[PDB]
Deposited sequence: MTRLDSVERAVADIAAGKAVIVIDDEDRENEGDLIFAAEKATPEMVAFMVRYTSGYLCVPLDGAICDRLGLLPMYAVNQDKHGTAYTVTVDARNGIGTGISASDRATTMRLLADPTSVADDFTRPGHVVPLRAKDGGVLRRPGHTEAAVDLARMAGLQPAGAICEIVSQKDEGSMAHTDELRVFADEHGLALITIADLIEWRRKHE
């Protein structure tokens, strides 16, 4: 039985501009998660090092509506003030722009190097996904409702995640504990 951090500690990490690891038990894997507005070259570089592939930016529905994605096919880069879009610093800039409450589709170009995702209203109480968890944590940290997530390159699995989390000072939580915390403190 591997130690899980409290939701309160994960929220505090998010608020301080740090990352956390979130496990679900849908699929049963770990995503690295930070708040999109907190993206830096250093944190994106860190995420790039351990991503299985894509870096995604979960966004609240209102943000998606504003940007024009209603209801991976869609990738974006910031239109201005970047290189080709793939550097850690370019991706960080793209991430921050997606969290900026005045960004519009015009501020971005497609295709690009960051994947926006639409979180279900209600967050993990509605759909217990990593996408919703990332938005929930940012919102709980008092930040714009916009996260940055990747699946970490792949019990023994939850064990290795605990060591990895500790080596980098990250909180490790489950979506179940997040659902439970939200039910109680909301």
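Missing from the model, relative to the deposited sequence, are the ranges 26 to 27, 74 to 85, 169 to 174.
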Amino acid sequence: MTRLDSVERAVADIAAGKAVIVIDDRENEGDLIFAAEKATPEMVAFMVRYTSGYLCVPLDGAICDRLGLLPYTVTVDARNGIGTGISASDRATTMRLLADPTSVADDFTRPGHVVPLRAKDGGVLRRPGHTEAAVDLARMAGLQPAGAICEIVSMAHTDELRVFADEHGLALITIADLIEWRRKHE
From here on, numbers count along this sequence of modelled residues.
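Legend: mean Cα B-factor per stretch from the PDB entry, 116 to 124 versus 28 to 36; the higher mean is in 28 to 36. Taking only CA atoms, the mean B-factor in the PDB entry is higher for 76 to 84 than for the other of 76 to 84 and 97 to 105. Within the listed group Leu67, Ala141, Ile149, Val44, the record reports its top CA B-factor for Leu67. When the modelled residues of the chain are ordered by C-alpha B-factor, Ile21 sits in the lowest third.
Remark: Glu160 belongs to the highest third of its chain, ranked by C-alpha B-factor as recorded. When the modelled residues of the chain are ordered by their C-alpha B factor, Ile63 lands in the middle third. Per-chain ranking of the deposited C-alpha B factor places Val48 in the middle third.
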